[PDB]
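Here you get one chain, nothing else, as structure tokens; it is the form deposited in one PDB entry.
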């Protein structure tokens, strides 16, 4: 609950809590709990926002997206998920939420829990809002979120720039007429398709029929508006821009950054940007454009011009008349110019490439299916019926190869990870790398070159050590692994648990592109509460009893 957060002073929140407070170690004791109930239903022949009827969707509370989770910094968010799907299990992951000492609430099936069984199965997630900003939630049951088990999270807190109006969430996502499981099967043997449409705040116009509506945002003239842009896609990576307006970035993912004014922004899958838009221009209707760069290396749409309308209050209605100029090609790369308000400093001169800190991503075309993504020689494949947490609770350390366990025993120390993007492979694609449970520091990446150029880079200490930044580098939960290159990340081992580190392109994580950071396993067992242990076991017993009756097999990694 705020006491000093005003339009002119957004830096202030409450006594002892402001924009400069280290949120990772200090949290407000509000004593408030915001509760929600997620009823997942399976709807056939559902009328979508662009007029096209989809074969099957999986919705939360009968809507395209679940409810917008709204709470204050320090509150506890509680969500009861009731799975009323016909066959599918489910697990809701709270993307961007660190789950500090609450690993069993991460929603990663086959890792932190067993899937919640269908036909009425339930589980109540409970997590502390130790970070303020814009995040999202989604199913981690294969590519199930591609069917509609998605939604947004807005944890209110201070900001790095004053603003008058909080316009709230603005989720932008790719939209396919085909269901997630059919698309997983397709992408296993074929190149990923372009999206049928791109929804902005749950709506879009059909490029063929003209049906549906554009997202309409009403701007109040002369005011500063906070817009929370999210990319909730399964594959599409977006470039966003507003005609005749600049966007001032105040947050990258769920991390507050110093004000950074730009003309356009690149949002990888899972990325978020809180921007401040000043309604400083002439009263008119302006196009908010969703474009693609990187020469289709990180997505495209069958809708050539996905857009939303930004209407100034008091101005006339109708469609905007200025098409604008195309934004700069971001080349499937997010900006490394963002600088977090609360700083972090790490040495980069001491980094040495070793097998134990290197994660080689590779596309294996030799097996069945054709598109199998391997990290350090193995495509991830979890056991929905026997999660990593079960191994921890039973004292079993014989983790199967397919779980891609990367055990990190270091206590509260900075660990360095070099991710290589199939340098010696036939072709390489950009990958939006996401980490559960932590925000990582983006120390550096291979030279920014055209995404479709097929130019390869292997980490060379002689020229690359000088290119790394350890003086308050970008801190976030998702960043781009350049096509054919490399990426150097670092995260402090302050959160014992089993944490997935994967590409957020649904087709790739389904295909096996992931590792599981088993962080401080010895400390994790001590921190698991009896309530969390009993409930984990309850859901697992219910899932294991359900599984043999399921008429469909597990066709992918399960993530």
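Residue numbers count along the first chain shown, from 1.
From this point on, the text means the form deposited with a small molecule bound, which you will not see here.
Only one segment in the set 108-116, 126-134, 291-299, 251-259 has residues whose heavy atoms sit within 4.5 Å of the small molecule in the deposited bound form; it is 291-299. The candidate spot formed by 273, 338 and 475 is out of contact with the small molecule in the deposited bound form: none of the three has a heavy atom within 4.5 Å. Taking the partner from the other structure, the small molecule in the deposited bound form has a heavy atom within 4.5 Å of a heavy atom of residue 427. Proximity of residue 371 to the small molecule in the deposited bound form falls within the 4.5 Å heavy atom cutoff.
At a distance threshold of 4.5 angstroms between non-hydrogen atoms, residue 191 is in contact with the small molecule in the deposited bound form.
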